[PDB]
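Enquirer: Before anything else, here's the structure in question.
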Amino acid sequence: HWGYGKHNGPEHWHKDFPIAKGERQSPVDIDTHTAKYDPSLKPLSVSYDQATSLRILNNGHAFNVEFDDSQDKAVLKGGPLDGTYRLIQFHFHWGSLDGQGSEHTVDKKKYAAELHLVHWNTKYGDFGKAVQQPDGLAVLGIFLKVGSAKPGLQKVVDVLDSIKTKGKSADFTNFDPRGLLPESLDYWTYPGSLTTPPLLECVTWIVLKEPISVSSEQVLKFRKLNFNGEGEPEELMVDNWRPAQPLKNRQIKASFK
Ligand SMILES: NS(=O)(=O)c1ccc(C(=O)NCCCOCCCCOCCCNc2cccc3c2C(=O)N([C@@H]2CCC(=O)NC2=O)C3=O)cc1
Ligand SMILES: [Zn+2]
């Protein structure tokens, strides 16, 4: 099926998912000089103080920390969003070396990794119905650079040894996503898509300007994961990022002057 290699990677996805060549695909390069400050944007509200993580899973493309989204507990609102969006999962994209890994780029700059906190619009009842709507999803994207360690990430890092290969999953309760956020909530925002197949165009992207720093040891543990299942030839899970796509007729707004 689909993946990140020469024969099933991003340049091949359009064959099974022709939306891959659509009009609002993600990620994109963020040209910081053509993004315009929008004063009509309300402050962004990230309310994670009562998030309930459940499980961590290696799906063969990344690892997902999945949350209990059956009540309003961890919500994104404000900024470009109408109403309330509920956190369902987070995951990362990363490279084989620190010089690549992010999906969005900033004036063509690639970061070592990118965190995606995935939320669905509560007006649509749940995730499955939300991905049938052009405003069904909001993804909060956070860049990762290599430097000082991020303490709030270590609990994720230390569990990866238990989910090395595709299909493995583990209990993962009481993880606090607030420990993954940078100081500033300055952001860019634009309408786009899921960056993995089915590549559905239902996402309001909110990409934070300030990256978080993680240590080399932490990202190296990310790179010890496997794309393959147990008992198959080992393919290290690295470079699971889609390259930037045509902006076409879209405007990126800045939340800051
Ligand atoms: N990186 S990121 O952006 O943050 C990011 C990226 C991704 C995510 C994420 O959530 N991914 C998970 C994706 C969830 O979406 C799934 C939506 C699925 C929609 O339904 C598919 C239904 C398929 N059925 C069809 C459809 C059309 C035609 C046919 C059929 C079908 O069956 N047949 C026959 C029938 C019977 C049989 O017996 N044989 C056959 O052939 C057909 O003729 C989150 C964040
Ligand atoms: Zn993603």
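Identifiers in the structure tokens: chain A, B, ... in order shown; residue index from 1 per chain; ligand index from 1 in order shown.
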Using only C-alpha atoms and all ligand atoms, tabulate the residues of chain A lying at most 10 Å from any atom of ligand 1, each with its closest atom pair and that distance in Å to one decimal, by chain and increasing residue number, as JSON lines.
Expert:
```
{"residue": "A:25", "atom": "CA", "partner": "ligand 1", "partner_atom_place_in_ligand_line": "3 (O)", "distance": 9.7}
{"residue": "A:26", "atom": "CA", "partner": "ligand 1", "partner_atom_place_in_ligand_line": "3 (O)", "distance": 7.4}
{"residue": "A:27", "atom": "CA", "partner": "ligand 1", "partner_atom_place_in_ligand_line": "3 (O)", "distance": 8.0}
{"residue": "A:62", "atom": "CA", "partner": "ligand 1", "partner_atom_place_in_ligand_line": "1 (N)", "distance": 9.3}
{"residue": "A:64", "atom": "CA", "partner": "ligand 1", "partner_atom_place_in_ligand_line": "44 (C)", "distance": 9.4}
{"residue": "A:88", "atom": "CA", "partner": "ligand 1", "partner_atom_place_in_ligand_line": "44 (C)", "distance": 9.0}
{"residue": "A:89", "atom": "CA", "partner": "ligand 1", "partner_atom_place_in_ligand_line": "44 (C)", "distance": 7.9}
{"residue": "A:90", "atom": "CA", "partner": "ligand 1", "partner_atom_place_in_ligand_line": "4 (O)", "distance": 7.8}
{"residue": "A:91", "atom": "CA", "partner": "ligand 1", "partner_atom_place_in_ligand_line": "4 (O)", "distance": 7.5}
{"residue": "A:92", "atom": "CA", "partner": "ligand 1", "partner_atom_place_in_ligand_line": "1 (N)", "distance": 7.9}
{"residue": "A:93", "atom": "CA", "partner": "ligand 1", "partner_atom_place_in_ligand_line": "1 (N)", "distance": 7.8}
{"residue": "A:103", "atom": "CA", "partner": "ligand 1", "partner_atom_place_in_ligand_line": "1 (N)", "distance": 8.5}
{"residue": "A:114", "atom": "CA", "partner": "ligand 1", "partner_atom_place_in_ligand_line": "1 (N)", "distance": 9.4}
{"residue": "A:115", "atom": "CA", "partner": "ligand 1", "partner_atom_place_in_ligand_line": "4 (O)", "distance": 8.3}
{"residue": "A:116", "atom": "CA", "partner": "ligand 1", "partner_atom_place_in_ligand_line": "4 (O)", "distance": 5.1}
{"residue": "A:117", "atom": "CA", "partner": "ligand 1", "partner_atom_place_in_ligand_line": "4 (O)", "distance": 6.9}
{"residue": "A:118", "atom": "CA", "partner": "ligand 1", "partner_atom_place_in_ligand_line": "45 (C)", "distance": 5.8}
{"residue": "A:119", "atom": "CA", "partner": "ligand 1", "partner_atom_place_in_ligand_line": "45 (C)", "distance": 8.6}
{"residue": "A:120", "atom": "CA", "partner": "ligand 1", "partner_atom_place_in_ligand_line": "44 (C)", "distance": 9.8}
{"residue": "A:127", "atom": "CA", "partner": "ligand 1", "partner_atom_place_in_ligand_line": "10 (O)", "distance": 7.9}
{"residue": "A:128", "atom": "CA", "partner": "ligand 1", "partner_atom_place_in_ligand_line": "15 (O)", "distance": 6.9}
{"residue": "A:129", "atom": "CA", "partner": "ligand 1", "partner_atom_place_in_ligand_line": "17 (C)", "distance": 9.1}
{"residue": "A:130", "atom": "CA", "partner": "ligand 1", "partner_atom_place_in_ligand_line": "15 (O)", "distance": 9.6}
{"residue": "A:131", "atom": "CA", "partner": "ligand 1", "partner_atom_place_in_ligand_line": "15 (O)", "distance": 6.7}
{"residue": "A:132", "atom": "CA", "partner": "ligand 1", "partner_atom_place_in_ligand_line": "17 (C)", "distance": 8.2}
{"residue": "A:137", "atom": "CA", "partner": "ligand 1", "partner_atom_place_in_ligand_line": "45 (C)", "distance": 8.6}
{"residue": "A:138", "atom": "CA", "partner": "ligand 1", "partner_atom_place_in_ligand_line": "4 (O)", "distance": 8.6}
{"residue": "A:139", "atom": "CA", "partner": "ligand 1", "partner_atom_place_in_ligand_line": "4 (O)", "distance": 5.8}
{"residue": "A:140", "atom": "CA", "partner": "ligand 1", "partner_atom_place_in_ligand_line": "4 (O)", "distance": 8.1}
{"residue": "A:141", "atom": "CA", "partner": "ligand 1", "partner_atom_place_in_ligand_line": "4 (O)", "distance": 7.8}
{"residue": "A:192", "atom": "CA", "partner": "ligand 1", "partner_atom_place_in_ligand_line": "3 (O)", "distance": 8.7}
{"residue": "A:193", "atom": "CA", "partner": "ligand 1", "partner_atom_place_in_ligand_line": "3 (O)", "distance": 6.2}
{"residue": "A:194", "atom": "CA", "partner": "ligand 1", "partner_atom_place_in_ligand_line": "3 (O)", "distance": 3.4}
{"residue": "A:195", "atom": "CA", "partner": "ligand 1", "partner_atom_place_in_ligand_line": "3 (O)", "distance": 4.1}
{"residue": "A:196", "atom": "CA", "partner": "ligand 1", "partner_atom_place_in_ligand_line": "6 (C)", "distance": 4.8}
{"residue": "A:197", "atom": "CA", "partner": "ligand 1", "partner_atom_place_in_ligand_line": "7 (C)", "distance": 6.7}
{"residue": "A:198", "atom": "CA", "partner": "ligand 1", "partner_atom_place_in_ligand_line": "13 (C)", "distance": 6.0}
{"residue": "A:199", "atom": "CA", "partner": "ligand 1", "partner_atom_place_in_ligand_line": "6 (C)", "distance": 7.0}
{"residue": "A:200", "atom": "CA", "partner": "ligand 1", "partner_atom_place_in_ligand_line": "15 (O)", "distance": 7.6}
{"residue": "A:201", "atom": "CA", "partner": "ligand 1", "partner_atom_place_in_ligand_line": "3 (O)", "distance": 9.5}
{"residue": "A:202", "atom": "CA", "partner": "ligand 1", "partner_atom_place_in_ligand_line": "3 (O)", "distance": 9.5}
{"residue": "A:203", "atom": "CA", "partner": "ligand 1", "partner_atom_place_in_ligand_line": "3 (O)", "distance": 7.6}
{"residue": "A:204", "atom": "CA", "partner": "ligand 1", "partner_atom_place_in_ligand_line": "3 (O)", "distance": 9.9}
{"residue": "A:205", "atom": "CA", "partner": "ligand 1", "partner_atom_place_in_ligand_line": "3 (O)", "distance": 8.7}
{"residue": "A:240", "atom": "CA", "partner": "ligand 1", "partner_atom_place_in_ligand_line": "1 (N)", "distance": 9.8}
{"residue": "A:241", "atom": "CA", "partner": "ligand 1", "partner_atom_place_in_ligand_line": "1 (N)", "distance": 8.4}
{"residue": "A:242", "atom": "CA", "partner": "ligand 1", "partner_atom_place_in_ligand_line": "1 (N)", "distance": 8.7}
```
Enquirer: Among segment 24-225 of chain A, which ones does DSSP assign to helix (DSSP H, G or I) (computed from the backbone)? Answer as number ranges by chain.
Expert: A: 122-124, 127-130, 151-163, 177-180, 216-222
Enquirer: Report as a PyMOL selection string all protein, DNA and RNA residues lying within 6 Å of segment 209-226 of chain A, evaluated on only C-alpha atoms, omitting residues in the same chain fewer than 5 positions from it.
Expert: chain A and resi 143-150+164-165+182+186-187+235-238
Enquirer: Deliver the residues from the most recent selection as a file, using C-alpha atoms, as a compact mmCIF listing (two decimals), in the first residue's frame.
Expert:
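The new file part_20.txt reads:
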```txt
# COMPACT_ATOMS: atom_id res chain seq x y z
CA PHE A 143 8.23 22.44 14.50
CA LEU A 144 11.00 20.53 16.27
CA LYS A 145 14.67 21.52 16.12
CA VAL A 146 17.57 19.63 17.69
CA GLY A 147 19.12 21.25 20.75
CA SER A 148 18.18 21.16 24.41
CA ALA A 149 15.97 18.26 25.51
CA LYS A 150 12.22 18.66 25.84
CA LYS A 164 8.97 -0.83 17.51
CA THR A 165 7.15 -2.37 14.54
CA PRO A 182 6.38 26.35 22.87
CA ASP A 186 2.12 33.16 17.23
CA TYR A 187 1.02 31.16 14.18
CA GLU A 235 13.07 -0.62 7.26
CA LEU A 236 13.80 2.17 9.74
CA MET A 237 10.94 4.62 10.13
CA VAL A 238 12.64 7.81 8.91
```
Enquirer: What's around residue 45 of chain A at 9 Å? Count only C-alpha atoms, leave out sequence neighbours fewer than 5 positions away in its own chain, and write the answer as a list in words.
Expert: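 Result of the neighbour search: residues 75, 76, 77, 78 and 79 of chain A.
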Enquirer: Give me the residues near residue 181 of chain A as a ChimeraX atom specification, where near means some atom within 9 Å (using only C-alpha atoms) and where sequence neighbours in that chain fewer than 3 positions away do not count.
Expert: /A:142,177-178,184-185,211-212
Enquirer: Go ahead and save the residues from that selection, with N, CA and C atoms, as a PDB file, in the first residue's frame.
Expert:
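After the write, result-v1.pdb holds the following:
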```
ATOM      1  N   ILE A 142       3.593  21.967  15.093  1.00  0.00           N
ATOM      2  CA  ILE A 142       4.677  22.541  15.874  1.00  0.00           C
ATOM      3  C   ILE A 142       6.003  21.986  15.361  1.00  0.00           C
ATOM      4  N   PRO A 177      -0.258  16.748  26.950  1.00  0.00           N
ATOM      5  CA  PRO A 177       0.252  17.389  25.726  1.00  0.00           C
ATOM      6  C   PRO A 177       0.734  18.810  25.937  1.00  0.00           C
ATOM      7  N   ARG A 178       0.374  19.442  27.055  1.00  0.00           N
ATOM      8  CA  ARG A 178       0.843  20.797  27.336  1.00  0.00           C
ATOM      9  C   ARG A 178       2.364  20.857  27.427  1.00  0.00           C
ATOM     10  N   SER A 184       5.422  30.824  22.784  1.00  0.00           N
ATOM     11  CA  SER A 184       4.558  31.678  21.981  1.00  0.00           C
ATOM     12  C   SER A 184       3.532  30.868  21.214  1.00  0.00           C
ATOM     13  N   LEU A 185       2.348  31.454  21.066  1.00  0.00           N
ATOM     14  CA  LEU A 185       1.297  30.907  20.214  1.00  0.00           C
ATOM     15  C   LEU A 185       1.140  31.682  18.904  1.00  0.00           C
ATOM     16  N   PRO A 211       9.532  27.067  17.216  1.00  0.00           N
ATOM     17  CA  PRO A 211       9.707  25.622  17.359  1.00  0.00           C
ATOM     18  C   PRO A 211      10.017  25.241  18.802  1.00  0.00           C
ATOM     19  N   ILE A 212       9.800  23.966  19.107  1.00  0.00           N
ATOM     20  CA  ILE A 212      10.286  23.425  20.362  1.00  0.00           C
ATOM     21  C   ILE A 212      11.651  22.804  20.093  1.00  0.00           C
TER      22      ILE A 212
END
```
Enquirer: Using only C-alpha atoms and all ligand atoms, can you tell me which of A:59, A:102, A:122, A:162 comes closest to ligand 2?
Expert: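 Answer, going by the shortest atom-to-atom distance: A:102.
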Enquirer: Would you list the contacts of residue 69 of chain A as a list in words, taking every protein, DNA or RNA residue within 7 Å and counting only C-alpha atoms, but skipping same-chain residues closer than 2 positions in sequence?
Expert: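 Contacts, with the query itself left out: residues 67, 71, 72, 86, 87 and 88 of chain A.
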Enquirer: Create the file for the chosen residues now, containing N, CA, C and O atoms and written as a PDB file, in the first residue's frame.
Expert:
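Just written: again-v7.pdb:
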```
ATOM      1  N   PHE A  67      -6.341   9.900  22.002  1.00  0.00           N
ATOM      2  CA  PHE A  67      -6.982  10.445  23.189  1.00  0.00           C
ATOM      3  C   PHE A  67      -8.449  10.038  23.234  1.00  0.00           C
ATOM      4  O   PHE A  67      -9.045   9.731  22.197  1.00  0.00           O
ATOM      5  N   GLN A  71     -15.815  13.381  25.394  1.00  0.00           N
ATOM      6  CA  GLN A  71     -16.364  14.569  26.029  1.00  0.00           C
ATOM      7  C   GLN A  71     -15.462  15.735  25.687  1.00  0.00           C
ATOM      8  O   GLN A  71     -14.357  15.544  25.180  1.00  0.00           O
ATOM      9  N   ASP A  72     -15.921  16.950  25.985  1.00  0.00           N
ATOM     10  CA  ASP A  72     -15.101  18.133  25.719  1.00  0.00           C
ATOM     11  C   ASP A  72     -14.076  18.270  26.844  1.00  0.00           C
ATOM     12  O   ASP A  72     -14.394  18.752  27.934  1.00  0.00           O
ATOM     13  N   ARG A  86     -12.007  19.288  18.936  1.00  0.00           N
ATOM     14  CA  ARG A  86     -11.644  18.357  19.999  1.00  0.00           C
ATOM     15  C   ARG A  86     -10.432  17.530  19.599  1.00  0.00           C
ATOM     16  O   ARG A  86     -10.394  16.975  18.501  1.00  0.00           O
ATOM     17  N   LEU A  87      -9.440  17.445  20.489  1.00  0.00           N
ATOM     18  CA  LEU A  87      -8.236  16.667  20.205  1.00  0.00           C
ATOM     19  C   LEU A  87      -8.579  15.187  20.125  1.00  0.00           C
ATOM     20  O   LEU A  87      -9.258  14.650  21.007  1.00  0.00           O
ATOM     21  N   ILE A  88      -8.104  14.524  19.075  1.00  0.00           N
ATOM     22  CA  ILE A  88      -8.269  13.092  18.927  1.00  0.00           C
ATOM     23  C   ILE A  88      -6.934  12.350  18.999  1.00  0.00           C
ATOM     24  O   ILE A  88      -6.863  11.286  19.614  1.00  0.00           O
TER      25      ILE A  88
END
```
Enquirer: Take atom CA of residue 21 of chain A and atom CA of residue 246 of chain A and report the distance between them in Å, one decimal.
Expert: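 According to the coordinates, atom CA of residue 21 of chain A and atom CA of residue 246 of chain A are separated by 8.8 Å.
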Enquirer: Work out how far atom CA of residue 121 of chain A is from atom CA of residue 55 of chain A, in Å to one decimal.
Expert: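 Atom-to-atom, atom CA of residue 55 of chain A and atom CA of residue 121 of chain A are spaced 21.9 Å apart.
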